[PDB]
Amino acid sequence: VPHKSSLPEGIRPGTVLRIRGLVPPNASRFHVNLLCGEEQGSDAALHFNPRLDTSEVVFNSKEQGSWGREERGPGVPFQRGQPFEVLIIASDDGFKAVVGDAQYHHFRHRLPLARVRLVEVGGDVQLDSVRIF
C-alpha cells in the first residue's frame, strides 16, 4: 500500500509529517513527496528519496516537469528488513528531516509552503502509519 492524501488545511510552520514504516528485505528505494497538485506530474515542494540500491538519500524539488538541484543527507539511516521513523518538519525556512533519534537533514524551501497540497508515500516501503500533525 502506497499513501496519498490531500491537505485541505494546507501546511504551515509547525506542521509535522510522521512516517512509520518498514524497508522490505529486497527493497531498492522508496519516497516521500509533498506535491503542489493532485495528479502525478504536479510540482514537488519536497521529494525525499532514500535509495538502498545506490546507498544514498536524495532530496529535491520539481517544477514544471524539471527536477531542481539534488541534495543528499549524511549516510543512509535506512536498512533493508528494518523499520524506521521519519519526521518531516515544516518551518519558515525549510523542511527538517528527522530519522530515528537524529536530525538528519535540513531542506530549504524552493517552493512556498502555501503551494503544498498533497502528501504521497510510496515505492519499496511497507507502511505502519502516516500522520500529519
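A residue's number is simply how far along the shown sequence it sits, counting from 1.
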Entry-level comparison of average CA B-factors, 27-35 and 40-48, reporting the higher stretch: 40-48
Residue range whose averaged C-alpha B-factor is higher in the record, 5-13 or 117-125: 5-13
Chain-relative CA temperature factor third for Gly81: middle
Third of the chain's Cα B-factor distribution that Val98 belongs to, per the entry: middle
Record-listed C-alpha B factor of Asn60: chain third: lowest
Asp53 - Cα temperature factor, lowest/middle/highest third of chain: highest
Third assignment of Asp92 from its chain's C-alpha B-factors: highest
